[PDB]
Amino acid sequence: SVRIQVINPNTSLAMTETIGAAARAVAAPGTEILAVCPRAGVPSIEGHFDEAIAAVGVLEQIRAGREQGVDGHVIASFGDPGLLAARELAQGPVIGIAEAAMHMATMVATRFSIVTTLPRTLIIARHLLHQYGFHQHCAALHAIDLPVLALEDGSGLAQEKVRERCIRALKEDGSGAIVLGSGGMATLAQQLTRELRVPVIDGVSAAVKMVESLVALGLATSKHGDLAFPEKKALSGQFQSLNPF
């Protein structure tokens, strides 16, 4: 009845599997999850250069989703790359996982702490806090100091580091909830919530619920003004397939 395209903005199939599993686990009856990733791009997003590439990969999948007539989209990287670009191209609502996780956090706690993977991505999360208006609601931001793909390397080291950092955050930061800062951390939320007795929030699952909510409310992206469909123009070279509508 409801079809939601969950887009992993990086090209890692391993991370797409983790994201897809988290999305399906919370999906309402009648909801089909279409877990996808770009055909071309970057295996993991670890900075501004990676984000710019990922943004176009998102748009390629948004185009595919709109052609399929999906009800909504999820951008499944914690930088929410190409969010507003995607909202212009898509008819159905587009929700970022950082956006969704932060939104949910303010509903269950006064302040939250972010636990992400790489230190150099903290600035990206800081920018999003300011952009979304949740800076005052964020007590602290932390990184476990590992490459993004360490969450998929099977060692369990990244997962243990997340757990330890969450425990330390709840003791030190003066926050009531944890926002997981990675699509690769998606399947950790439930176990950490049960273990630590506080909301540990995965943006993937949260974004799925936001799309479902908006669809049930009969609400989609405003095509009045800022997020209207892109102005009609000829796209050249590698970009010519992005807007056939």
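Don't overthink the numbering: it's just position in the shown sequence, from 1.
109 to 117 and 163 to 171 differ in mean CA B-factor, and the higher of the two is recorded for 163 to 171. When the mean C-alpha temperature factors of 49 to 57 and 183 to 191 are read from the deposited coordinates, 183 to 191 comes out higher.
Remark: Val204 belongs to the lowest third of its chain, ranked by C-alpha B-factor as recorded. In the deposited entry, the Cα temperature factor of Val26 places it in the highest third of its chain's modelled residues.
Per-chain ranking of the deposited C-alpha B factor places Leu157 in the highest third. The deposited CA B-factor of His135 belongs to the highest third of values across its chain. The entry lists a Cα temperature factor for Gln5 that places it in the middle third of the chain's modelled residues.
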